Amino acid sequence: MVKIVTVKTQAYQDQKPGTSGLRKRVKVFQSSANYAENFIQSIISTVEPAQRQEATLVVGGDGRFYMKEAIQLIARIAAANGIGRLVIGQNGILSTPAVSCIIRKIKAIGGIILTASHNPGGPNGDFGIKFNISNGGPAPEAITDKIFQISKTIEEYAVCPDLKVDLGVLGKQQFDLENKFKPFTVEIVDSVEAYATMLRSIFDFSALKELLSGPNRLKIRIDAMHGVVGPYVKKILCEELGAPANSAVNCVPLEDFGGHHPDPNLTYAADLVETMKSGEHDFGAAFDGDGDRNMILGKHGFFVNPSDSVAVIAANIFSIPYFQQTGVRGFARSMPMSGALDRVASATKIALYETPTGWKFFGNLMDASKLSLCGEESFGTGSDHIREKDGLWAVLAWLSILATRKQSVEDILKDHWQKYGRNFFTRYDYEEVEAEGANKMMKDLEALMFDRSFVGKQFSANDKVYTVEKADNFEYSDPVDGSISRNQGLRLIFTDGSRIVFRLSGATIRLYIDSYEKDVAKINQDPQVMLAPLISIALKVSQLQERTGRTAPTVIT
């Protein structure tokens, strides 16, 4: 017996969702009266009133501080707006790939994912609100624009103030709204179940069970960085697949993520790296707060970069029963990643699409049945099993490949480079640079390489000589939606398969170096040593130090 009250409010101005959802500080969602109410209402207002009663929205998030408060808001507005039902994970917890799974499983209209991914969580941390649609992936620009347009003019939302959802107990809760014939329905479902069931069908859990158990076992440690993938690890890898309990590391989600950044890489996951370095374990992995990113580590802490990782998966992709059954429709990677994937795809006569950074391009090719496996340069791996990237899925793919190959992680890479050659890769980040100078740097570079005779001009370092093949500002004409994306980054492509790429994101400069070696003598060297000639070349032609004052990147990957 709950009522419906419409509350007049003041429209905020900065509620743009972007491709990753509205991300603001927690204290902004709190100190700003009705910040969340307004944006949720704007989301729900994009859904046709003639379809709300029969519609379901999937709701959950990464466990960060303010999540359940926001979930309760979402149900009070969903219900008051005539949305027929919410499907919510127990305690409000659903990883980002879980949300995609459920939306597609139950043909929901979409979902609201309460997460800021890798951004820090806590009272003094971040909060994000993501909106997904009926194919299970991120809402596109056309819906993103409508939302923010509605948000900037918002004059009132509709709420059920007295509505309270019990997120801890499984099953169906129902709410008889004042003056509505149809009840409002909330199913609380187990956070892991539908996602585990999908993974159970994609991989050979029997084969994995054998890998991970017995005194013959693959010793593994999986770092969920105190985020959402915790229970997924414990229920799937430990309980179901019999990995020992110690395998699960930081697999209790905390509202502050333990105080650290839920961001998988060699600095932020240096705990997990310490462990692997002790030489006891064969395989290690870490995830971000919402479960769509992943970092892979070998014994002794051998680091497998994202671009090589999708390449290794691609080259052993038929270790995975899903791909045995569906075939591989194609390979994709964002433009700034290394070309290791390309080499695998060139040897199989399966297509490679090089897209700009961002999910919409992958999702388009996936929905057109042309894309099976993909990566993003920021520790993203995915497949068309869902319409988000999926870190734990990537871990299970590696474990599958380990089980069939029966080699160490490092030995697998060494063989992969012996066969396809090595794409030494690194990414230099220059953070908080004077946006004025950086833009001058980019424009002066773009004009330099748009000169007539800029192609052909050689460059030398340690007698090593690079000749420029192509140079442009990358553009991509999307084969599905007709979109055209321009200014996606400056590319210096060399006749030996090496590349230098600059992007902007004050400002931040991202410098990607991809140097390719076929020689086995050069295959197993320090990347920073092998990349130094092209790094010097990049800094010279861009004159980055001169345009920014930076003698050094802020961060190296």
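Just count from 1 along the sequence shown to find any residue number.
Chain break class at residue 505/residue 506 - deposited residues not modelled: In the deposited sequence, 4 to 9 residues between these two have no coordinates.
Mean C-alpha temperature factor, higher of 254-262 and 383-391: The entry gives the higher C-alpha B-factor average to 254-262.
Greater mean Cα temperature factor according to the PDB record, 5-13 or 542-550: Higher mean C-alpha B-factor: 5-13.
97, 437, 137, 356, ranked by C-alpha B-factor: the highest one: When the deposited C-alpha B-factors of 97, 437, 137, 356 are compared, 437 is largest.
Options 528, 488, 30, 56 - largest CA temperature factor per the record: Of 528, 488, 30, 56, 30 has the highest C-alpha B-factor.
CA B-factor ranking of residue 461, expressed as a third of its chain: According to the entry, residue 461 has a C-alpha B-factor in the chain's highest third.
Ranked against its chain, the third holding the CA B-factor of residue 162: CA B-factor rank for residue 162: highest third.
Relative C-alpha B-factor of residue 329, binned into the chain's lowest, middle or highest third: For residue 329, the deposited C-alpha B-factor lands in the middle third.
Assigned third (lowest, middle, highest) for the C-alpha B factor of residue 146: Ranked within chain, residue 146 CA B lands in the highest tercile.
Lowest, middle or highest third - CA B-factor, residue 299: For residue 299, whose C-alpha B-factor we compare with every modelled residue in the chain, the answer is the middle third.
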